[PDB]
């Protein structure tokens, strides 16, 4: 099972699933081999009913699409549609939060409120919205309106791009026509330009892609902004991760998907229903997180993370998962069928994300508490149905210190320098105690032994004094392997990095260092990393493409991860991807994405499937940036 996952809890559940004849994602992957090489290389097109078209990567015919689309057009069009799809996910998420905020402050959803007034005001200020003499509810109404306005064309570009990157960066992007006009506008334009008989120039197509990726960034940043207003900006919190956070004697409820609009209420209402759960013979309701929505409630409330991404089915295989509460994105639809075998009640809540065989309980913000109770009562009934049934929860969990929003990081650093909080970080970059910064982001992928790339790359970078920050299932991987436990600093960290983590932790009263890796939250919270890096850029008076900062989507899967990688490149970062995106069928496209794009944005993709080699390449990219700033490396 170590060939499937490096997570021992997952390995244990894989053995149980095998024993019980429950098919997993790894089994479905094995059944899919060998996968289509046309798809793998990007040399397939189904954009019209004359298709499917394919192009042999090498050899003889077919060499070109039926309409005349070249390999470079077909590859660039496919990529662009993946970026649009990612943008559409993050922007649906952000939009849901925008309408929730609007409803809350209009008196239409009393379960929701302005929890972070400081965040609300700072956002308003960043957007140009007056706060002076204004009611919080009116400021928030204006913020929600601005959010919604960024989805379409108007007299300004997307503010959740132009107001979050340094002017120098906006200027570079504007010069290349890369600033999004509207989030959904860009999504639609991509779908248009990539449809048959439209855009058929690789560079032009890819430039569209870059612009659409910035629409994704806007959605991410908007989602983080709005979730923070509604649910609070994360601060450092201690919790646990992995399957051992499940409790046989509790009603175990997984929140799974992405939107804190749902999970945050589940968390609060679950505490209110403890006695009712105890009436049913449980100790209480044990809310645990899967995927980003788990990350959301982990960051804000210290809700323990059960598992992530590719291993999500394994939580069910324990036999102790009474409910899995879903909104949207990254939910393997296998869960609905597996539920039948495991007893788990899988519940969908969003009109646009149903799964055949799951129970659907409409969630309306207007009735959030009511709907939460209905959902949690299904979970209690399910707990009761497994009275006397043996469960196998691997007794495996790690300690996780998380909640490192950018505000939290700045606050942490401020204990070393109150009025110039970024300076201590920069001082240590300059003196070599911090070599650079690496953001690990994105998914696991069934193609890569689970977590192997994240942990292999993270280990190499940490020994080389790289400050490692993480989001999404990258944070998931690292937390589950102990990288968020400060007790592991001595083992994992180079002396310089240890020195810095220790200095900061001790100034924050911890008697010990910050953790080896800083958990910056969910996938939309990649925007937090952007805020940090942009703040550093602003503090240094240079653009992001001069900073020793890189990203690694080490085990990428979702279209959202492709969108995030692409905007990481677009804002000026060397961006590693540890799985093959469908681009190798076109050398010119590959060359643009991995080389010539440097001349446009300063960022670039580093496609590297071998994690040791990926780590060297990321270190090289970091060190090149250091040299560019005149620093030793």
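Positions refer to the first chain, counted from 1.
Undergrad: Mean Cα B factor from the PDB record: higher for 594 to 602, or higher for 49 to 57?
TA: In the deposited entry, the stretch with the higher C-alpha B-factor mean is 594 to 602.
Undergrad: Pick between 179 to 187 and 93 to 101: the one whose mean CA B-factor in the entry is higher.
TA: Comparing 179 to 187 with 93 to 101, the higher mean C-alpha B-factor belongs to 93 to 101.
Undergrad: From 166, 521, 436, 482, can you pick the one with the highest C-alpha B factor in the entry?
TA: Out of 166, 521, 436, 482, the record gives the largest C-alpha B-factor to 166.
Undergrad: Among 312, 233, 527, 371, which residue carries the highest C-alpha B-factor recorded in the PDB entry?
TA: Comparing C-alpha B-factors across 312, 233, 527, 371, the maximum falls on 371.
Undergrad: Report the third (lowest, middle or highest) to which the CA temperature factor of residue 240 belongs, ranking only the modelled residues of the same chain.
TA: Within its chain, residue 240 is a middle-third residue by C-alpha B-factor, going by the deposited values.
Undergrad: Split into thirds by Cα B-factor across the chain's modelled residues, where does residue 375 land: lowest, middle or highest?
TA: Within its chain, residue 375 is a highest-third residue by C-alpha B-factor, going by the deposited values.
Undergrad: Is the Cα B-factor recorded for residue 560 in the lowest, middle or highest third of its chain?
TA: Ranked within chain, residue 560 CA B lands in the lowest tercile.
Undergrad: In terms of the CA temperature factor given in the entry, to which third of its chain does residue 195 belong: lowest, middle or highest?
TA: Lowest third of the chain for residue 195's C-alpha B-factor.
Undergrad: Sorting the chain's CA B-factors, does residue 427 end up in the lowest, middle or highest third?
TA: Answer is middle: the recorded C-alpha B-factor places it there.
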